[PDB]
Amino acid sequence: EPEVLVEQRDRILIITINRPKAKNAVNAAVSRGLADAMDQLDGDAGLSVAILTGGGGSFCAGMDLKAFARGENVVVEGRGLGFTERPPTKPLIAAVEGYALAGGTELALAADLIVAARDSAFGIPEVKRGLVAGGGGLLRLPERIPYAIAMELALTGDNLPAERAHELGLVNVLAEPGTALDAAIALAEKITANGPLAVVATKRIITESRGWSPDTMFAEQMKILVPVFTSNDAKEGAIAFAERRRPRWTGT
């Protein structure tokens, strides 16, 4: 039985970490499984969005310290912890139950959107063990929540309850306990209903603009805009809207 489970529902790829006895800690198998799933997402024209979740009601306790201690290839060159150093092109939603800690919070941060149960919690407690959250936690958390709160969490290693995380803008959708995945599917379906080229281009511009200067951002953006505006889907979108009916996207 695979330690990462994958199920396709229409155009949504549901990815489930399947090590509940190990609190879904990331070992070599999970790291590879996550990378393979992201490859599948981006490579399959029939997929639009992925959801990442942890089986059994707990998202991810972080990297498997035992697996790490004994030489498992957990942090993979070019990919990081599963995909922390190589986020997918298509949208990724993290559906969080229970604890998303350390590497677990870093997986969530590598996703684009977070749906979290009201009783879930985040955190990067690495400094408590004289270590540092090097899987993107320090690079992404201050960009997702207010800088000083990210600093506080990083220096103290305190847990961040989901409801506070929603107040701070880290969590998009608060769900009833046990229903985060269903809430995430609803979110995914809203995104898969939109133009696939436009959705991917939109994510691309938001992510890449972080590295653009104010003086160049519009010209850099234009290069991404043109293939969308001349696509078949751009025509179909205009036709469908004018005819008040659902657009039939082709991703071309």
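Counting begins at 1, following the sequence as shown.
Set 110 to 118 against 130 to 138 and average the Cα temperature factors; 130 to 138 ends up higher. Looking at 101 to 109 and 77 to 85 together, the entry lists the larger mean B-factor for 77 to 85, computed on C-alpha atoms.
If you compare the C-alpha temperature factors of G169, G71, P125, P91 in the entry, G71 comes out highest. Compared with the other modelled residues of the chain, the Cα B-factor recorded for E152 ranks in the lowest third. In this PDB entry, the Cα temperature factor of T202 sits in the bottom third of its chain's modelled residues, the lowest group.
Ranked by Cα temperature factor within the chain, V26 sits in the middle third according to the deposited record. In this PDB entry, the Cα temperature factor of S209 sits in the top third of its chain's modelled residues, the highest group. Annotation for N194: C-alpha temperature factor in the middle third relative to the rest of the modelled chain, per the entry.
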